[PDB]
């Protein structure tokens, strides 16, 4: 159920761009998402500040919306693509900017101000990482009620940054219609047909998000990071036809949840909690399962908790001739090793691996929010 969902029909709804934190983390999932990574063509730190200043301006506009920028001189390219007609409605659009490890090399002199746990994504046991689709100096997470709004934001950004950014990879996706419209009531479904998001820590609870999601001042990190969040992204294909052929008994066993209800196997309500303490032979919920490995529920390692904010994607056909669909996995943590790396390490060997093929993504650090109109993305990172 956390972080919730927002209606696809809310053309006029606005999500606050300005805050202590960035939007599109705790924000209830919009119906459309884009993940688009860029390589940075900035020549020096000053050129980098230009970019972040430029971005703030653009996001602030796109996010709260307005009349389209018109073209009084037809001899110039139109200042807008025109794909939303003559008005740019907010449409719950949120754009979350995050920085990759590569950004902290010789190029901009930021090495000593790197986040401590931040690293490059390296293959895991089941991975088939394609380089075309990994890493990047910056990632944008572009979320909105509709595809239009998202696609509109990109091309605006591109238009304003042609000596400044270079598109590296991109995937678009969605959350499931019925649940999108359920305004937070129903849990979104993945293309494997299982409710997905259930056990996420409550996103409304400010105090818990300080412990789980948000970088806090008690942390060994550099002080610009305070208010940011480590971000893991994994592009994961499904063997979908093979899955559709797999016994229901086997599907639930693999996840350790009831497909129809979303309850832990044995139990009756989606927000029911299993107790593995009773089940150490792993006879109700398998030790093999995604749920039990993902979280042993020891509470001794509640420290590995995270907010997962994923989307289904569906593309074309694989080289091997099969359907190309799956999860655009996205998660936020206050600490990447304590979170994503700890859980994934813990998942290596799970029964699900036979059906899933991670192929892309990267690790990134999400910036602290932009406090007011006088601030800009990573302003603390650039002074100090």
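Numbering follows the first chain given and starts at 1.
- For the two regions 175 to 183 and 111 to 119, the entry's Cα B-factors average higher over 111 to 119.
- Relative to its counterpart among 99 to 107 and 305 to 313, 99 to 107 has the higher mean temperature factor, C-alpha atoms as listed in the PDB entry.
- As recorded in the entry, 267 carries the highest CA temperature factor of 88, 267, 151, 167.
- Considering 300, 241, 156, 137 together, the PDB entry gives 300 the largest C-alpha B factor.
- Per-chain ranking of the deposited C-alpha B factor places residue 234 in the lowest third.
- Placement of the Cα temperature factor of residue 46 within the chain: highest third of the modelled residues, per the deposited record.
- The entry lists a Cα temperature factor for residue 131 that places it in the lowest third of the chain's modelled residues.
- Remark: residue 249 belongs to the middle third of its chain, ranked by C-alpha B-factor as recorded.
- When the modelled residues of the chain are ordered by their C-alpha B factor, residue 343 lands in the middle third.
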